[PDB]
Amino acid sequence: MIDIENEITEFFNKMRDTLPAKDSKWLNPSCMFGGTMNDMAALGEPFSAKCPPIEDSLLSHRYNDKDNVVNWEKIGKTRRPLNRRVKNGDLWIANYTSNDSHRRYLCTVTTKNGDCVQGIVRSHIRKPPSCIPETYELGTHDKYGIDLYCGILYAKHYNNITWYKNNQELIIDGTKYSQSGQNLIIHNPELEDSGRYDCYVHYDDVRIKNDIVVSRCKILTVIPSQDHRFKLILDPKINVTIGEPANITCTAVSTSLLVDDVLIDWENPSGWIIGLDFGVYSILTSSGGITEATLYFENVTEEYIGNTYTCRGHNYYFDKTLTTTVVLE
């Protein structure tokens, strides 16, 4: 455990040592370095960001005290403190602009023990999508209901979220609908629950009179239960020649011609999934109800002969395998 904690410290030290000089020059050498982050943001929408070490899964348990102070500073050109731009210990920009995408920030975490850790936060513009399509198949988890997520938000610390279906406000009284954070739960799902769901996320900033509002959309289609069967097709052997390449294709065919309904992979004699590796690699192609995984041998050597390769198709409804043997032609 002490070896591990040491490796973790070393890991972040190496990352500090590989920062650009334009970044590391702002760091306080009495502070631990806690990483960098480049967060998504949208023009004309609010933005917020946490200080990386606080959010980091390797360091969270190190700076987990209720009595921590977090300072935010703009760096880059000059070094300026932030007042208006903080909310609940997080960087806060009520209305993100093109100019913000060029700005970056140094956050500093000071513990009561008088220790400190720092992170750097950038942001980049990312057009928020319009409506995202979602399909719920009846019989998936009907007793729980349908969970609609109020889209990816670029800012936390909202006060209120409101849902509309087909531009009509939904009454949230725990019967048909209930809410949990950014989720709308649709109980007793049925085909008629199909529709356009818009959520409006409300933010409050004292320096602004009315509400800041962010909007997201999901187009929900509820469908009947489907037959998710598929069959796998794979030659039982691949004929090879020492010193030559070879390939073999495994095909998954959806019985009801469902699109993108099968996960397929190749696995080597030792159970590991084959990717774009050396010696043997795999490529996937999918169209309509057909999914193909092709396995490639770059240069067959004698060691390969008699090796067995496994093609796996699964989709949470069914899980099937077929194997093929490398045989000398």
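Sequential numbering from 1, following the sequence displayed.
When 129-137 is weighed against 216-224, 129-137 comes out higher, by mean CA B-factor as recorded in the entry.
For the segment pair 257-265 and 60-68, the entry gives 60-68 the higher mean B-factor, averaged over Cα atoms. Note on the listed residues 247, 210, 162, 251: the highest Cα temperature factor in the record is that of 210. Of the candidates 198, 173, 142, 193, the PDB record gives 173 the highest C-alpha temperature factor. Annotation for residue 308: CA B-factor lies in the lowest third of the chain's modelled residues. Per the deposited record, the Cα B-factor of residue 1 falls in the highest third when ranked against the other modelled residues of its chain. Ranked within its chain, residue 189 lands in the lowest third, by CA B factor from the PDB record.
For residue 169, the recorded CA temperature factor ranks within the middle third of the chain's modelled residues.
The entry lists a Cα temperature factor for residue 74 that places it in the highest third of the chain's modelled residues.
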